[PDB]
Structures are given as C-alpha cells and as structure tokens.
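Protein chains: 4
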Amino acid sequence: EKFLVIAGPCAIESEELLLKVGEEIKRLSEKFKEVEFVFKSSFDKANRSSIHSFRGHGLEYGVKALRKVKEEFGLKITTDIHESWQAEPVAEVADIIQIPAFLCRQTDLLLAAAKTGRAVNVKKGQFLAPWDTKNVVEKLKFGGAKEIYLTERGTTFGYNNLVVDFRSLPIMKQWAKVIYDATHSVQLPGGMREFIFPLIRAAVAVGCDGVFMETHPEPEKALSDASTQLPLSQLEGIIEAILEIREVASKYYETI
Amino acid sequence: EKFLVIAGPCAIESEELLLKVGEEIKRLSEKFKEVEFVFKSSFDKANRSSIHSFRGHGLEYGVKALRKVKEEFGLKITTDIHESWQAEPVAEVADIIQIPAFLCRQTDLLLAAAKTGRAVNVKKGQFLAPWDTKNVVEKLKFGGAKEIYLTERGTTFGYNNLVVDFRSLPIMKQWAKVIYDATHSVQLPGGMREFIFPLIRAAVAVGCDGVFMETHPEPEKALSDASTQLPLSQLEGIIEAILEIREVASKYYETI
Amino acid sequence: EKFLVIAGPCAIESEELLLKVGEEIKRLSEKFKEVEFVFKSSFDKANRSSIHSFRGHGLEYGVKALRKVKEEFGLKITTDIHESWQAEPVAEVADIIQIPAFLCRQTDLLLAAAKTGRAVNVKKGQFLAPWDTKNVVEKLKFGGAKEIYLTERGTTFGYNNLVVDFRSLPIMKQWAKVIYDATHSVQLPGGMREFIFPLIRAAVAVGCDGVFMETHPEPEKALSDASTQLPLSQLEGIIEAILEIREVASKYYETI
Amino acid sequence: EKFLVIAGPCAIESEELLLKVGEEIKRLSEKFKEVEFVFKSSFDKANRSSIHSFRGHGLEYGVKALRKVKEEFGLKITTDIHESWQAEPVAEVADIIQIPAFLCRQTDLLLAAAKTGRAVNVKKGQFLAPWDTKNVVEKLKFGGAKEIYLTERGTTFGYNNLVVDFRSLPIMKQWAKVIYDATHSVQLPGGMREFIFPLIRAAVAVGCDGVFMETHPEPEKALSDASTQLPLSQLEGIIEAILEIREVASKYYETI
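Here's what the structure looks like:
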C-alpha cells in the first residue's frame, strides 16, 4: 500500500513559511513517487501550556494559507480542529481532518469531522491504551468516516515524559491505518531531538502505514515545538531511510 | 471560607433524580453548617468511551433541571462545559463552572468560563504533572477569573489505571484551592468502590479545601459511573468521618 | 492492636550514632506506651547506586553495635540482610529480619530469614503490584515465618520517581500486617523531605499497622539518605501526630 | 566484534533439553558465521513468584549440563548467578556471567562476577532509568571487568506490565555494549508472544550490539516462561530477518 508522509511546520507562522516548506515537500513528492505526501500545519495551537505562547493568526488566515499551498503545489492538506463548528470550514481545504490527542474522546468533535466526508486522523491521547482506540474508530464509522487513521504519539510515563510502546502499532492496526508521530513522541510535556530518528526507524521496522513529522526551515526560531521540529534540510534523508528500512522489513510485517 | 463538599449524581438522568438527591444534600446542608455544599451533575457526558453510551438530555433540559434544584433547595450549583459556547448559558445557573480533565489545556474553554464571572473548577488532566497546573491557573486569572479551584482526580499509571499522587495536594495549593475527587480517582479508565473511603480519608489527612463525590440513590442502576458512584445513604457517614479527621489533622497542615 | 514504629539511622555510621538515636527512641517508648518501637539501622548498604558511596563497617561491627543498643536500652532490633548466609548471624540480635525491596522475590533469602524463627518484614519491590505480595507471604509462611510484615515504600513512576498508591495498604492487609515507609517513599531514585509528613498522615488515615522512618541527629551529614532522613528532634512530634490521626480515623478502618 | 545472539531454553529442565537446543544453535552457528552465538540457560530460577514453581536441578547439575553443551558443540556459554559465592564455580563454564534484573544494584554480586575475569551481562532492572546504568558499569570496571554488556528487558509501566523505551539503547551505548532481550521485554510481570518479533525488529532498526532470546522445542511444555519462549523452529527465520534489517539500518546508526 502507498506509504503516507504527513509533514509540514507545526504552526502556520505565516503563509510565507508554508510556501517555503511546501516547495520542498513538493520536490520530495516528485522524487518519492511511492509516498503519498500530505502537508500539515495548525491554524491554531489551542492547547499551549502558557497563555503567553503563540497560538496562530486565526482560522480564516490559516485555511487561506493552506489553500495557497494546495493550489500552488497540488499537495493534499491536513490540519487539526478544536471545536465542532470548525469541521465544516476546515473541510473545505483539508483532505484529512486531524483530531488533537487531548480531544480524542470528545464525541461531538469526532462526529463533526466524520460527517464532512473527509478522511480523519485521530492522535491517540496520552492517557489512552492501544485497545481503547477501537471505540474511537467505532464513533467515527458511526459518524460516516470511511478513511480513518490512528496516530501513535506517545503515552504518559511519569511526569513530563512520554514513552512509545511500539506494541500499539500492531494492536491499533486491527481497526485502522496507523501513523507514527516522530516529533511529538519525543517531546517532554510541560533529551528530545536526538531520539527522533532512531524511534522513527523502530516504527517502520515494526510496521505502520505512515509517519507524521513536523519540519521547519529553522526549528530554533519556530514559535511552536522549537525543540522537536526537524530541520527541513534533513527531511529528504530521513524519508529515504525509512523507505529503505520499511522495504527490507516489509516481508516480515504480520497479518492482522 | 469553609470546607467544600461537591456532590450529586454523575449525570442528569432526569430532573426527578436530581430532586431526590438534592433533598438529601439539602438535609446534610442543614446538618453540617460549617460545610459549603454544592450540587453537581452533568447535562452531557461528552467523552464516553462508547458511541452507544448515555450522554444526557441536552443542555437546555439540564440547565432547567439544575435551576429547579437551586430554586427548591437554595443550593449552589456546578456542572461541566465541553465547548466555549456553553459557558454563557450554563453560567445562568452554575455558581461554579467545571472544566473536564481531558479539556484542562483548552485555552478557549478556560477563557470562556472565566469570562462569565463565575467560579471555575478545573479537573487536573490525567496527563498533567502537579506543577503543570500553575499555567492553568494563570490562564483563568488572565481571563478574569477570581475564584479558582484545581481538582485531583488521579494520574495515568500504565494502562487502564489511575494512581493518586497525594504530593499533588500541597503543590497545587500554592496557586489555587484544592479539591479531591473521591470517585473518579479510583475509576479504571476504559474493586474500585472499596477504595473511595480510604482515599478520601487520606485527602483530608493530607489537607485539601474540599471533596468531590458522585452519589446516586441506586448506583447499580446509574447510566454513568455505575461502578463508582457512592450510594446516597452512605453520604452522611462519610462526610461526618472526613470532618472529624480534618478537625484533628488540620493542626498539622503545612503553610502555603 | 499495638502500633509499630520502626525508626533509627539509615546506616550504622558508628556505634556512637546508634546510641544517640537509641537514647531518644527509648525516651519516646516510655512516653508512647501504646506504641511498639523497633530500632533500625543497616550494617550494610549493599545496593548503593555508586561504588564510591558509603556501605558500612561490616556485619560483625553492625551486629555488635545493634547488640549494644538492645542491651543498653532494651529496644527491639531490626536490620536488613542481603544474602542467605547473613540470616543466621543477624537473627542472633534482630527481632525482625528485613528483606530489601530489590530482593523481595529472592526465594532463598526469604526462606533463610523465615527459618530463624524471627519476624520478617519485606519491603515491597518498586516493581511489584500490591496483589503480587500474596505470593511473597506464601513463601514466608512456607518457610516457617509466623510474624510477617509488608512495607509500602513506593512504586516506580516514570524515571527517577516513585509514587505511593495508597490502595496498596488495604490490599496487602489481606495477607499480612502493613507498614508504611515514610522516608523511602519520597526519595527520588538515582521535592522530597517536604512530603514526608503529609504522606505519613495519609498512611494512618487510610490505616496501617505501623510506620517506618529513618531518623538522624543531623541528616545533612548522614552518609546515607541525607535528603530524606528525618531530623531526630522532629521524631516525637511526628509520632504524636500520627497517633492522633490514627485514633480519630480508626473507627472507619474497613474490615478485611 | 560481530553481532551477538544469546539464545537457549530459559531454564535447564534437563541437560537433554540443552543438547537438543544446542544442536540447533550449533547449526545456525555454522549458517551465520558473521554472528557470535552464545548458549544460555539458567541453573536456577531464584526469583519465581510462587514457592511452588520450578526452580531447577541445582548449580552442580546445571554447570555440568552447560559443560556438555560447550564440549559437544564448542559454543560459548552464559548463565545467571544470584549470590556472590556462585560467581567462581559458574565462571568455570560461563564465558559470560549474567546478572539478574532485580539484582543489578547488588554491589557484591557485580564485583564477584567481575573478579572471575569473565565477561559480564547485566539485565537492566525494571526500576532503573537508562542513564542510571552508568554507575552499574563503573562498579564492574572497578571490579576488574573489561567486557561489559547492558541488556534492555523492559521497564515497569503501571502494574503487571512492562514497556520497552527504545531511547534506552542509544543512551546505554555510551558506556557499554547493548543487548536487547526480546522475550522478557514482552512478558507481563506476575498476547505476549505476538509482540516478540515486532519489537526485535525495532531493536535492530534502532541499533544494538546483540539480541537475547529464550527458545524451546515446545514452549507450551516449558517449566518456565512458557508464554514467551520462542519455538525452536522459528529461530532461524527471525535471525535471518534481523540480520537483513540490521544490514540496511546500520547505515543510519548514530555515533556513540
């Protein structure tokens, strides 16, 4: 099956930033034709820890910026919603509607996304067990979602730390396509970047249907996830690497 | 002020049920004058694991039933909101607006609640560290909130289990009044009841500003949290117990 | 039943240190006649993290020092063993043989202790679940132990942190007398002292058969657990406090 | 050196069993010349949960059976010790002395093993953080050990569950060769088998110096770890698989 690579700057810092990243993602989509790329960027960081942190420039601006990316590069789009009313407006540009990890149990949000007819990707909450996602998918199917993804992004392990239990990949594969979030899984809630590559190598060796990676031209200047966003120049190398590992491991992937 | 006791049926299964429970909470209210009682019940279980589970009769019916309780018994009220728009209409009856555990980091919900001018009680997310609640309080203060509470309801401990780290009480007290949720803290996410009383005794021995307890005339028939709701008949005994323990223990509560 | 208070300096830094602490413990035993005191001090810290840390002055010296304490004050004695051969020599002075947390599953060590005819106190391993102690007690009874204690000393919670799940007290009470280790439960393996008092208050409110506390005249100069050992001058106050809380909570202790 | 593969039946149920398994490990040994195979089996299960469980036939019988394997097949050997005195006699046959997970902090055991001059493999305790293993290595070096290995076998994740934090591999590699225990890592303390292969693939994709695997002709009849021992017939396929994945992935293994 065609491997999915969801990537883009964590937050829509500006339409300019988006075009710059999109340009590179477009180039890579031309090279890695066996990969389905989907450009991601949040129009709003609605769950920041601090009231003083960057959130975004609003829904309107963001959707317009995402529209430009899709229009200028012919790239599929994905962004996350935080309240039910945003599903409709966002569905006008997003090919995949993303559900935030903290909100993976909010029935109305999932239902709002499902009725748009768009694909839906749910980030597995840090409090959720792998088998607890079966009901999440049920809610979505009940709501009319026909293309569903579950994203592994780490589990609460003591305070201010997350651990990736790779057993979750084959478990969740029982009821949906599985995505591995390479950048959020190594973040320390409320020692990081050095683990992105090795853990993504593990994900494809175990077997998943795609990877999710935040990437920014200059991570140290990012207004969001400055410690975990992957430098844009490193994207190509990481993708080639996972495709290589995926291929050699592929014959051993177990059948659900 | 005085020790707070927030109690009531988990969900508004019918205003009839609320009246029955409200009568008992009213009685205890007259019996324990030193305690500030607050009637609680959710108009919507917006985060059930299953799509086929009981959610409720809607916000309107709920707010109406809650009004009835405040009118017939003169009891302060509290209920939880799940999306920003709900803050205003709910504030009409709710003396304290409750913020769900999974939603404790959703900035807009916190601000919407703070804007109503009402008191706000935030359930500490199972993914949050005690010190991480400082930023939660700051959001509410920035939003104009002046009466703020933080509720301990357990922390993710492996899969489908929560542990109560009592070190959280002293830590959270540095920036807000602390409430201990005696019924959700022993619930196993996605043997429980026997631990409610023991842990509520610990909470008072350690030191808190109030306790939160779900109570129902016949818990076995409850449409929500049937395994952990306290039988109405046992409420008085437990309240008297924690008041006696608090009386003796308070002498040793640490300053700030 | 008579409440147990196990206390003494963590390590046998010298026979002098032991006599100084014993003197105070003897004084308190005369005051709190409803408490059974047992003087504790390790002749060897066999599990230190660093090869450069203090271990002790040997088995011979330690047993001789403990002998002096018992002889000079008429105090019961307890110390821990680390290998099977030490059970016999130690049993000559120790009224209670203590089994280290990391070694709670070592069959021969438990059996070696049990055949001495002495009481045995097993520190619950940081990796053990409360219900997993039923087999520990079975091994001891199988080995002839007639007086068995299980000590709660915290559970692994993420890296370099321990959490106390107070549900363990009533669970373990099903098959043995339960002791709460007030000082080791707040230590950070491999922010501490301020939680000793509140957590011990929780322990007695929930209900246990005794408490274990490391105490040293000048904790900052201790060669072991310098961050968690309770100042000797604070011992009396803590004991009076727990006896008070125990008494008022006692009528609510559940029957196993 | 070359990639290490430590395999064999969990316990020495009979030297007959060891010979059968030894023959297959011998065959694979001739098939994969680039791999250094080491036969492993315990002469004593000194930490079983139940007093009524299989422990073994003793140290003498065990050491003898192990000799037979090394003599008949010319295979290097490894077995674990549980008390200091056992180091010397075991070193007679064991090329690598294994230190149990629960005993990874017992200084005397580590020193006794280091003194034999043999290589030492320490199973990382389920309670230890990855960086906490630095001190473990230092103990062994101080004891004269020169060939040191650290084995990842899971970390306590809530009750009766272990999680493999693959970040540990890169961290531990800073001070020792790293081995991944593919069978104990998925065992539930006090659904398992299906995760052995997936996680071993991750270990090699991430990067390690060897893998540890319990194997038995008929796991369902094993007297120990019956639920997780790998069927002998599947050993070859899994070894070939990890060698292919390693071949491709090694290109991206991080330096130091």
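Protein chains in written order, with the deposited numbering: chain A, 1002 to 1191, 1199 to 1264; chain B, 2002 to 2191, 2199 to 2264; chain A', 1002 to 1191, 1199 to 1264; chain B', 2002 to 2191, 2199 to 2264. A prime marks a further copy of an entry chain.
Ideal Cβ positions, reconstructed from N, Cα and C, are used throughout, including at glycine.
Counting along the chain, where does the beta strand (DSSP E) carrying residue i start and finish?
i, result
"residue 2250 (chain B)", "Premise fails: residue 2250 (chain B) lies in the alpha helix (DSSP H), 2243 to 2257, not in any beta strand (DSSP E)."
"residue 1076 (chain A)", "Neither: residue 1076 (chain A) is in no beta strand (DSSP E) and is coded neither H nor E."
"residue 1231 (chain A')", "No beta strand (DSSP E) holds residue 1231 (chain A'); DSSP gives it neither H nor E."
"residue 2004 (chain B')", "2004 to 2009"
"residue 2120 (chain B)", "2120 to 2124"
"residue 2222 (chain B)", "2218 to 2224"
"residue 1203 (chain A')", "Looking at the DSSP string, residue 1203 (chain A') is not in any beta strand (DSSP E), and its letter there is neither H nor E."
"residue 2037 (chain B')", "2036 to 2041"
"residue 2188 (chain B)", "From DSSP, residue 2188 (chain B) is part of no beta strand (DSSP E); its letter is neither H nor E."
In terms of residue numbering, what span does the alpha helix (DSSP H) encompassing residue i cover?
i, result
"residue 2048 (chain B)", "Neither: residue 2048 (chain B) is in no alpha helix (DSSP H) and is coded neither H nor E."
"residue 2182 (chain B)", "Per DSSP, residue 2182 (chain B) belongs to no alpha helix (DSSP H); it is in the beta strand (DSSP E), 2178 to 2182."
"residue 2151 (chain B)", "Premise fails: residue 2151 (chain B) lies in the beta strand (DSSP E), 2149 to 2153, not in any alpha helix (DSSP H)."
"residue 2143 (chain B')", "2134 to 2143"
"residue 1174 (chain A)", "Note, residue 1174 (chain A): premise wrong, no alpha helix (DSSP H); not H, not E."
"residue 1091 (chain A)", "1088 to 1092"
"residue 1022 (chain A)", "1016 to 1032"
"residue 2116 (chain B)", "2108 to 2116"
Tell me whether residue i is buried or exposed, calling it buried when 16 or more other Cβ atoms sit within 10 Å of its Cβ.
i, result
"residue 2108 (chain B')", "buried"
"residue 2054 (chain B')", "exposed"
"residue 2146 (chain B)", "buried"
"residue 2127 (chain B)", "buried"
"residue 1239 (chain A')", "exposed"
"residue 1130 (chain A)", "buried"
"residue 2028 (chain B)", "exposed"
"residue 1077 (chain A')", "buried"
"residue 2189 (chain B')", "exposed"
Using a Cβ-Cβ cut-off of 8 Å (strictly less than) and excluding sequence neighbours within five positions of residue i, which residues of its own chain qualify?
i, result
"residue 1063 (chain A')", "1013, 1042, 1043, 1044, 1045, 1057, 1080"
"residue 2098 (chain B')", "2079, 2080, 2081, 2082, 2088, 2091, 2092, 2114, 2117, 2119, 2120, 2121, 2122"
Any Cβ of chain A' within less than 8 Å of the Cβ of residue i?
i, result
"residue 2254 (chain B')", "no"
"residue 2213 (chain B)", "yes"
"residue 2139 (chain B')", "yes"
Ordered along the chain, which non-local residues of its own chain (more than five positions away) have a Cβ less than 6 Å from that of residue i?
i, result
"residue 1170 (chain A')", "1179, 1214, 1216"
"residue 1037 (chain A')", "1003, 1005"
"residue 2222 (chain B)", "2011, 2184, 2233, 2237"
"residue 2194 (chain B)", "Chain B lacks the residues between 2191 and 2199, and residue 2194 (chain B) is one of those with no coordinates."
Of all the CB atoms in chain B', is at least one closer than 8 Å to the CB of residue i?
i, result
"residue 1166 (chain A)", "yes"
"residue 1258 (chain A')", "no"
"residue 942 (chain A')", "Here chain A' comprises residues numbered 1002 to 1264, so residue 942 (chain A') is not present and cannot be evaluated."
"residue 1220 (chain A)", "no"
"residue 1049 (chain A')", "yes"
"residue 1133 (chain A')", "yes"
"residue 1117 (chain A')", "no"
"residue 1044 (chain A')", "no"
If we define contact as Cβ-Cβ less than 8 Å, is residue i a contact residue for chain C?
i, result
"residue 2182 (chain B)", "Looking at the structure shown, chain C is missing, and the protein chains on hand are A, B, A' and B'."
Against chain B, does residue i count as a neighbour if the rule is that its beta carbon must be under 8 Å from one of theirs?
i, result
"residue 1128 (chain A)", "yes"
"residue 1104 (chain A)", "yes"
"residue 1177 (chain A')", "no"
Does residue i have its Cβ less than 8 Å from a Cβ in chain A?
i, result
"residue 2191 (chain B)", "yes"
"residue 2207 (chain B')", "yes"
"residue 2100 (chain B)", "no"
"residue 2136 (chain B)", "yes"
"residue 2143 (chain B')", "no"
Spatial neighbours of residue i within its chain, please: C-beta separation below 7 Å, excluding the five flanking residues on both sides.
i, result
"residue 2244 (chain B)", "2029"
"residue 1141 (chain A)", "1111, 1115, 1121, 1149"
"residue 1025 (chain A')", "1240, 1243"
"residue 2060 (chain B')", "2044, 2045, 2087, 2090"
"residue 1016 (chain A)", "1066, 1069"
Discussion item. Please identify, using Cβ separations under 9 Å, the residues of the region 1223 to 1241 of chain A' that lie next to chain B', in order along the chain.
Written reply: Within the region 1223 to 1241 of chain A', no residue places its CB atom closer than 9 Å to a CB of chain B'.
Discussion item. Any C-beta of chain B' within less than 9 Å: which residues of the region 1067 to 1088 of chain A' qualify?
Written reply: Taking a C-beta cut-off of 9 Å against chain B', the contacting residues of the region 1067 to 1088 of chain A' are 1083, 1084, 1085, 1086, listed in chain order.
Fill in: chain B contacts made by the region 2147 to 2165 of chain B', where a contact means CB separation under 9 Å
2157, 2158, 2159, 2160, 2161, 2162, 2164
Fill in: Interface residues of the region 1002 to 1036 of chain A facing chain B' [CB-CB below 9 Å]
none
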